[PDB]
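> Quick one: the structure is below, and I'll ask about it shortly.
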Amino acid sequence: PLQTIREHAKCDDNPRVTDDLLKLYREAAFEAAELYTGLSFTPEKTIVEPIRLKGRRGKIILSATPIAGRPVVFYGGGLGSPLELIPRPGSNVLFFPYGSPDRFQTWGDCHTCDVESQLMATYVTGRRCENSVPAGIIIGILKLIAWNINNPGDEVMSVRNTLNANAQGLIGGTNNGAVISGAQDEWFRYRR
Amino acid sequence: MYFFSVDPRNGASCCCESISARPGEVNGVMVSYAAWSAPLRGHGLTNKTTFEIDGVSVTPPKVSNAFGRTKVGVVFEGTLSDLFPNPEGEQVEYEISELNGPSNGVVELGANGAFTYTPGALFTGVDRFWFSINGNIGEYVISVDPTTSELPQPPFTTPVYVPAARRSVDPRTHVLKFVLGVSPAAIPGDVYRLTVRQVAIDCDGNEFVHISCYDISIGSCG
Amino acid sequence: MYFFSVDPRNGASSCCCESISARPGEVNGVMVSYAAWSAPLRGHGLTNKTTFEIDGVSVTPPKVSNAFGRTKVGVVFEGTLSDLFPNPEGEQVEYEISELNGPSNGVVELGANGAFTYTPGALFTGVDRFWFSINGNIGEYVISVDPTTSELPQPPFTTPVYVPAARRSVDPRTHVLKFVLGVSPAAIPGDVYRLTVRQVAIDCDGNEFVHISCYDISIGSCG
Amino acid sequence: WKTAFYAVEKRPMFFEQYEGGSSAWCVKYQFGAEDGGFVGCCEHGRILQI
Amino acid sequence: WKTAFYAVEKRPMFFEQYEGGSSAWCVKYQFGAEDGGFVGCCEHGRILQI
């Protein structure tokens with residue numbers, strides 16, 4: 008909320024750049040966060056995804072870590088009959104059982120050249136009535152907001168990455184935002 | 001082409025989805041039942057889908073439709089003025105939309121609500137053409153019979169319809185396809201509701217029903 | 001050569024109809040790429056069952072009127088040009104026959120006061136037109152040369168903006184529509200017409216997928 | 415049957431690779447054959463029905 | 415003529431079955447040739463007119 012943004016950034020009874028610029032800063036912070044992280048707002052927890060075979064024993068990396076033990080269903084990809092698999096809690100790497108249950112191939116065809124229907128998988132990355140928590144990554148957003156309030160763009164601010172120098176007599180550089188404010192190292196916790 | 005991924009019913021503004029439509033178009037819709045049918049490991053989907061259309065805003069049509077009959081090779085003439093009861097008193101500028109004219113003949117629109125329809129040589133069947141009186145659009149259907157007895161009477165296609173048999177369901181990837189055509193007599197702003205009942209099947213031969221809804225909004229120019 | 005990528009009808013990405028600028032006299036070509044709409048509809052591509060319609064939303068009706076004559080082969084034809092300019096106010100008539108839009112298979116000489124003579128080329132039969140310019144206002148004078156036998160029919164008095172009879176094409180390998188748009192030399196600058204197109208695809212079994220779009224042609228002079 | 419119906423034969427089946435149309439992914443073979451038949455004097459021959 | 419106008423021949427007529435576009439039931443042949451010519455010396459000929 009706007010009042011929460013204000014009371015965090017200390018802009019309270021001390022009017023800074025107006026609510027229009029505050030909501031613009033928020034709209035830009037919502038295109039910086041979950042774009043550096045990769046998450047998607049309200050993504051409909053159940054996910055269908057074409058999973059790609061990788062390896063002889065075939066690790067399958069689930070792009071949304073289906074909770075803990077709800078059986079992800081695999082179908083297609085030469086697999087005539089779908090099958091369940093209960094995944095890892097915390098990690099999303101499983102192994103496709105090399106023992107095949109069936110191979111419904113279609114040798115000989117000139118309309119599709121009988122290549123394949125790719126292996127696809129359906130799962131959920133949901134939860135309880137407390138389905139998900141977009142908090143924790145709100146603190147970096149608020150810090151970015153406050154940094155952009157008190158850094159309009161004329162004060163020289165630059166932290167240094169490399170120790171020796173860059174090449175020449177220039178004043179280093181990391182002057183980006185969301186990192187000189189502490190947002191990147193708070194969003195990295197939700198980053199693979 | 002539209003595409004909808006349906007909710008798999010796992011306990012995880022309106023409820024029905026949004027579909028825009030333009031008067032005259034005939035588009036295609038895809039639904040991916042994979043999320044709901046894959047966990048129910050069986051024989052996939054079955055071609056037992058059922059549709060139903062309702063109207064939640066109609067704005068009843070100003071001009072009425074009409075129907076005629078004639079034998080093959082014989083020219084057919086009729087009127088176009090007794091189909092538009094006008095409440096006020098004003099002029100009538102009859103017009104035959106060129107984009108929705110006849111398909112197997114030609115029509116000579118006279119000056120005052122009169123026309124003559126010459127069917128193509130050696131053609132027996134049904135033909136339609138969509139007139140427009142004072143902007144109000146209505147269809148006129150003519151059936152050319154093969155001089156023996158008669159042909160049946162067509163059902164006066166609705167503003168929004170799904171064709172009889174153009175649907176297909178792929179049990180290998182759990183996708184349903186169908187066609188959604190909008191009559192050229194549709195009125196901009198109106199809203200209809202298409203309910204779809206799709207039936208799956210288990211390994212033994214029992215049923216898993218699934219119901220969804222969609223909100224069609226007739227909008228002009230996209 | 002215009003190029004429009006039509007909307008894909010997917011529920012996603021001032022006036023709605025697109026714009027098209029044309030100069031009186033020119034004859035251009037337009038391309039339309041139905042790829043974004045017909046490629047997901049896996050079928051037999053597009054079909055040559057397209058239809059066009061030209062409607063005017065601003066006309067500014069012309070000042071001078073047109074005129075149609077009749078003559079045979081080889082016989083000289085005479086005609087006037089003074090009864091074609093209805094002037095509500097009094098003004099002189101600067102008769103002019105534009106060298107650019109003159110006759111095609113003949114020759115005319117402009118008189119001093121609303122006079123001209125169309126002597127057709129020897130051994131030539133058909134229809135020949137030429138565009139006069141009465142005091143800036145432009146019209147056309149269409150004459151048909153008959154092969155002395157009976158008579159000829161009536162030409163349709165070409166419209167300000169038209170699409171040629173049969174010059175459309177379509178390539179089902181890339182889902183592209185190509186057609187020609189020609190503007191008459193008598194079109195008045197500042198007006199705007201509307202062109203509608205009905206393109207129909209086809210599935211694997213022979214059914215139809217219809218699609219309608221619109222284009223705003225604004226006849227503007229000097230480009 | 416040796417006089418009520420005849421079956422003609424011209425060429426047995428063949429299978430010929432179709433260079434062209436094979437787009438370096440989809441190798442396409444082609445097969446065909448020619449044959450035919452016709453009814454001779456259809457007085458020798460009767461049909462039973464319910 | 416042996417020096418007033420030269421004739422150039424590079425690769426004359428050839429016929430070949432155009433594999434590709436030709437199927438197991440219809441053949442498509444392709445023929446071609448490459449030649450040319452130029453004048454040798456404007457100052458060796460002459461022309462008579464009316």
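Protein chains in written order, with the deposited numbering: chain m, 8 to 199; chain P3, 1 to 12, 21 to 230; chain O3, 1 to 13, 21 to 230; chain k2, 415 to 464; chain h1, 415 to 464. Yeah, the Cβ is synthetic: ideal placement off N, Cα and C, and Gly gets one too.
So the candidates are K56 (chain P3), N35 (chain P3), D7 (chain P3) and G97 (chain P3); which of them puts its Cα closest to the Cα of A43 (chain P3)?
Taking only the C-alpha atoms, the option nearest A43 (chain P3) is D7 (chain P3).
> Counting Cβ pairs closer than 8 angstroms, one from the region 59–79 of chain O3 and one from the region 130–150 of chain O3, do we hit at least three?
Taking 8 angstroms as the limit for Cβ pairs, the verdict is that the region 130–150 of chain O3 does touch the region 59–79 of chain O3.
> Check the Cβ-Cβ distances between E91 (chain m) and every residue of chain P3, and say whether any is below 9 angstroms.
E91 (chain m) counts as touching chain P3.
> Closer than 8 angstroms by beta-carbon distance: list the chain m residues that pair up with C440 (chain k2), in chain order.
Those are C117 and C120, listed as they occur along chain m.
> Tell me whether the beta-carbon of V100 (chain m) lies closer than 9 angstroms to the beta-carbon of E91 (chain m).
Contact flag unset, no.
> Just confirm the distance between the C-beta atoms of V187 (chain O3) and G36 (chain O3), as a whole number of angstroms; I'd bet it's less than 8 angstroms.
Their Cβ separation, rounded to whole angstroms, is 6 angstroms, which keeps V187 (chain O3) and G36 (chain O3) in contact under 8 angstroms.
> State buried or exposed for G87 (chain m), treating a residue as buried only when at least 16 other CB atoms are found within 10 Å of its CB.
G87 (chain m) should be labelled exposed.
> Which bits of chain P3 does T53 (chain m) rub up against, with CB to CB less than 8 angstroms?
By Cβ distance, chain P3 contributes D7, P8, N10, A12 and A43.
> What's the call for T113 (chain m), buried or exposed, on a 16-neighbour Cβ count within 10 Å?
Exposed, by the Cβ-count rule.
> Under 9 angstroms between C-beta atoms, does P78 (chain m) make it to chain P3?
Closer than 9 angstroms: yes.
> Going along the region 430–458 of chain h1 in order, which residues come within less than 8 angstroms of chain k2, judged by CB to CB distance?
Here the close residues are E433, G434, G435, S436, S437, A438 and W439.
> Return the bridge partner residues of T58 (chain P3) from the DSSP annotation.
Its beta-bridge partners are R205 (chain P3).
> Do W44 (chain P3) and the ligand PLP come close, with the Cβ less than 8 angstroms from some heavy atom?
Judged by which ligands are present, the structure shown has none, so any question about the ligand PLP falls away.
> Return the CA-CA distance between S191 (chain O3) and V170 (chain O3), expressed in angstroms with no decimal places.
Taking the straight line joining both Cα atoms gives about 11 angstroms.
> Determine, using beta carbons only, whether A208 (chain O3) and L88 (chain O3) come nearer to each other than 9 angstroms.
No. Outside cutoff.
> Using a Cβ cut-off of 9 angstroms (strictly closer), state whether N99 (chain m) contacts chain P3.
False, the Cβ-Cβ gap to chain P3 never drops below 9 angstroms.
> For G454 (chain k2), which residues from the same chain have a beta carbon less than 7 angstroms from its beta carbon, with the 5 sequence-adjacent residues on both sides left out?
Correct list, in chain order: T417, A418, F419 and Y420.
> Could you tell me the boundaries of the beta strand (DSSP E) in which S151 (chain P3) lies?
It spans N144 to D153 - the beta strand (DSSP E) in which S151 (chain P3) sits, taken as one unbroken run.
> Taking CB distances under 9 angstroms as the criterion, tell me whether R175 (chain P3) reaches chain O3.
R175 (chain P3) does not count as touching chain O3.
> Which chain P3 residues are close to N214 (chain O3), counting only those with a beta carbon under 8 angstroms from its beta carbon?
Those are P171, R174 and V187, listed as they occur along chain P3.
> Within this structure, are the beta carbons of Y125 (chain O3) and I145 (chain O3) separated by less than 9 angstroms?
Cβ distance not < 9 angstroms, so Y125 (chain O3) and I145 (chain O3) don't count as in contact.
> Looking at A193 (chain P3): is its Cβ nearer than 9 angstroms to the Cβ of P167 (chain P3)?
Against a cut-off of 9 angstroms, the Cβ pair of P167 (chain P3) and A193 (chain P3) comes out as a contact.
> If you measure between the beta carbons of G85 (chain m) and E123 (chain m), is that distance less than 9 angstroms?
Closer than 9 angstroms, so yes.
> Starting from the beta carbon of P179 (chain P3), find every residue of chain m whose beta carbon is closer than 9 angstroms, and list them in chain order.
The contacting residues do not exist; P179 (chain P3) stays about 10 angstroms from chain m at best.
> What is the rounded straight-line gap between the Cα of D198 (chain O3) and the Cα of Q206 (chain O3)?
Taking the straight line joining both Cα atoms gives about 26 angstroms.
> Since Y125 (chain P3) is in the beta strand (DSSP E), which residue starts that stretch and which ends it?
From DSSP, the beta strand (DSSP E) with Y125 (chain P3) extends over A122 to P127.
> So what does DSSP say about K442 (chain h1), is it helix, strand or coil?
Here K442 (chain h1) sits in coil by DSSP.
> With a threshold of 7 angstroms on Cβ separation, who are the neighbours of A36 (chain m) within its own chain once the five nearest residues in sequence on each side are excluded?
Here the set comprises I148, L151 and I152.
> So, at 8 angstroms on beta carbons, what are the nonlocal neighbours of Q191 (chain m) in its own chain, with the 5 sequence-adjacent residues on each side left out?
Within the same chain, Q191 (chain m) has close Cβ partners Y43, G147 and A185.
> Is the beta carbon of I156 (chain m) closer than 9 angstroms to that of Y32 (chain m)?
In contact: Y32 (chain m) and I156 (chain m) (Cβ atoms closer than 9 angstroms).
> Please state if the CB of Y130 (chain m) and the CB of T181 (chain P3) are separated by a distance shorter than 9 angstroms.
Cβ distance not < 9 angstroms, so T181 (chain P3) and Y130 (chain m) don't count as in contact.
> Under 9 angstroms, do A12 (chain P3) and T72 (chain m) count as touching if we go by C-beta distance?
No; because the gap between Cβ atoms is not below 9 angstroms, this pair is not in contact.
> Once DSSP output is grouped into helix, strand and coil, what is the label at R425 (chain k2)?
In the structure shown, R425 (chain k2) sits in a strand (DSSP, three-state: E or B).
> Can you say whether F452 (chain h1) is buried or exposed, counting buried as having 16 or more other CB atoms within 10 angstroms of its CB?
Exposed, since its Cβ has fewer than 16 Cβ neighbours within 10 Å.
> Is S40 (chain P3) close to chain m? Criterion is C-beta to C-beta, closer than 9 angstroms.
Yes, its Cβ sits closer than 9 angstroms to a Cβ of chain m.
> May I ask which residues mark the beginning and end of the alpha helix (DSSP H) holding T11 (chain m)?
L9 to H15 is the extent of the alpha helix (DSSP H) around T11 (chain m).
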